[PDB]
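This report refers to the structure that appears directly beneath it.
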Amino acid sequence: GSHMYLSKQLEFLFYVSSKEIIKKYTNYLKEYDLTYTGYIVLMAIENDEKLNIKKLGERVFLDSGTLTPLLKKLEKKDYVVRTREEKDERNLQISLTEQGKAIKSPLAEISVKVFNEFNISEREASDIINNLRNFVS
Amino acid sequence: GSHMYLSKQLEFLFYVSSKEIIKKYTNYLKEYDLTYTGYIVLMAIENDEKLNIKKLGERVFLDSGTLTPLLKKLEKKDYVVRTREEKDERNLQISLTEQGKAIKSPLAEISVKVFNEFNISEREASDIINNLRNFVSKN
């Protein structure tokens, strides 16, 4: 009732919620040699798209400290291509490779599998969506 | 139907709410030279508790990869200490120091400030709480 108690409950429940979700993603993704964050990046890059490391970090809310080594990892696995620009070799363009393009869409099956494990009704899921949408406004 | 649709919305919204939340905690934690994960570890350890890096890792959903460096960093700040119980020295315990249990007092003020920023009603907050409590409870 006090905002102190509600805030501690919100803190706890958002933390555990997101961590339980991520743990399930990590389990499904391990056989793809992917982390949850690597998954998020591949899904965020739109297939015919070329984009800057800074624009990608904004879309996905990661700083260059995290993205940079992640991209090299993805580049090693041949899911992303990191092409240095002609004039400024510092500046990098990021795009999906052919297999990076392909493994999206088996990866697109994973979200259904993760959330079905929580066994909530469509109604409960719609309530959570409406809760969180209003929350993110 | 709607399972594919609903799962994408849920994924997105849990991802973005977590980023928005952590961003606000990070702001308030600058003062204290603590990372968000640092804050979470300090609050998770009850003032007079001893526990394994395994068990602490369970609680805060962190593996040794990430916890090991975190603990040594908190230990050099003098907030935590690592000890082995004489009954079984194989068990490496972690517990809070005196000044590690101390500054948990001003840190405990942060959560109210963070969630106040979203400007939701007590009814909305209570409903979020009830819905997430239902979600988490089946693990």
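Proteins come first, then strands; the chains are lettered A, B, ... in the order of their sequence lines, and each starts at number 1. Only this structure's heavy atoms are used, side chains among them; waters, hydrogens and symmetry mates stay out.
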Toward chain B, the part of [X] with a non-hydrogen atom under 4.5 Å:
| X | result |
| --- | --- |
| A/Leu62 | side chain |
| A/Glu124 | side chain |
| A/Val60 | both |
| A/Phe12 | neither |
| A/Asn116 | side chain |
| A/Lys23 | neither |

Taking atom types as modelled and ignoring hydrogens, do the side chains of [X] and [Y] form a donor-acceptor contact shorter than 3.5 angstrom?
| X | Y | result |
| --- | --- | --- |
| A/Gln93 | A/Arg84 | no |
| B/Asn47 | B/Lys104 | yes |
| B/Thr66 | B/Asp63 | no |
| A/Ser111 | B/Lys8 | yes |

Legend entry - Over 12 non-hydrogen atoms of neighbours within 6.0 angstrom of CG in A/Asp48: no
Inset, instruction - Cation-pi check, A/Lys24 to A/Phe118: give yes when NZ or CZ is under 6.0 Å from the six-membered ring centre and within 45° of the ring axis, no otherwise. - result: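 Ring-cation test returns yes.
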Under a 4.5 Å heavy-atom cutoff, which of [options] has the most pairs with chain A?
| options | value |
| --- | --- |
| B/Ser17, B/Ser137, B/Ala125 | B/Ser17 |
| B/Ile22, B/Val16, B/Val114, B/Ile40 | B/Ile40 |
| B/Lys113, B/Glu11, B/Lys19 | B/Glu11 |

Need one label for [X]: side chain, backbone, both or neither, based on atoms under 4.5 Å from any heavy atom in chain A.
| X | result |
| --- | --- |
| B/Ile120 | side chain |
| B/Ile110 | neither |
| B/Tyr25 | side chain |
| B/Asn134 | side chain |
| B/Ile21 | side chain |
| B/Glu20 | side chain |

Inset, instruction - May I ask you to check whether A/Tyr32 and A/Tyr79 place their ring centres under 6.0 Å from each other? - result: no
Inset, instruction - Report the relative orientation of the aromatic rings in A/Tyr15 and B/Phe61; use parallel for angles under 30°, tilted for 30 to 60°, perpendicular for over 60°. - result: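 The rings of A/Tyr15 and B/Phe61 stand perpendicular, inter-plane angle above 60°.
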Legend entry - B/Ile103 CD1 to B/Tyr39 OH distance, which is reported to the nearest 0.5 Å: 11.5 Å
Legend entry - Salt bridge B/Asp127-B/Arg123, side-chain N to carboxylate O under 4.0 Å: yes
